[PDB]
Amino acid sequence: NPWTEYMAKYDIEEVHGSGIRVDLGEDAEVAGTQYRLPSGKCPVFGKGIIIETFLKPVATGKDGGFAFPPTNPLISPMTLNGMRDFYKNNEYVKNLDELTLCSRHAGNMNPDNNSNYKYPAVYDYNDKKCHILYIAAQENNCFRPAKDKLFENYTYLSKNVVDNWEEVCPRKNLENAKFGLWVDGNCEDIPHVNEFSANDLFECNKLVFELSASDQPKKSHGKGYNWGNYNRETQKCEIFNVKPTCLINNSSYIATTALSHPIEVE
């Protein structure tokens, strides 16, 4: 299989290793109490929390969001330039990409009296700000995780986001391409898919996310309906839960994943 190296980033169970829709793949203790917390190794592009907004500071002392309360010095929210300046003496941190840097910055804040509880974070590409999430919960349905037009520039980050996610994690959608399974020198179609109707790529990506690996009933370890072949002509989102191992050239298709950005194509 000549697709091995290229298709490696789409082995989400391996490269992400946790829930996508709801990421709670690890447990950490704070002062003798066990808490669940995100642990996915890949960034989730376009993911936010809908409250029936969540980047607002959490209520201290209940009309607030999930983000960190004001501090001195204010470390959340913090711009990319603010973070790089804050770690200007740390060569192991100052040159990290914006997503990994946001993750390491969030994981720097220990609320314990040397535990391993590290807050999840959200990087907003719009104004280039890193928001440390004080609330690691993602669904209580009251709130729910979702991909939305309002969330297209958000990026949900766990503590385990790898510094080379650009190389090993999905981001772009593959235009004129179709996920398949490599069998005997040929790339065959996914034998069984679950067809959901979708107006565009965004809606297809939203559906895949909704059906994707979840560590909470509405640990997955990355298992789930994480992939989708979107036929832009028949407007069908073909969703499946087995990892693809090759690509089929088809101008009618766009290959998307739950981790992938809802809009960007390549």
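Heads up: residue numbers just count along the shown sequence, starting at 1.
The modelled chain is continuous from residue 32 to residue 33, since every residue of the deposited sequence in that stretch has coordinates. Per the record, residue 95 and residue 96 are directly connected, with no deposited-sequence residue omitted between them. Note on 132-140 vs 187-195: mean CA B-factor is higher in 132-140. In this entry, 69-77 has the higher mean Cα B-factor, the comparison being between 82-90 and 69-77. Out of 207, 201, 213, 50, it is 50 whose C-alpha atom has the highest B-factor in the PDB entry. By the numbers in the PDB entry, the CA B factor is greatest at 64 among 222, 43, 46, 64.
In this PDB entry, residue 18 carries a Cα temperature factor that places it within the lowest third of its chain's modelled residues. When all modelled residues of the chain are sorted by CA temperature factor, residue 256 is found within the lowest third.
Compared with the other modelled residues of the chain, the Cα B-factor recorded for residue 150 ranks in the highest third.
Sorting the modelled residues of the chain by their CA temperature factor places residue 100 in the lowest third. When all modelled residues of the chain are sorted by CA temperature factor, residue 111 is found within the highest third.
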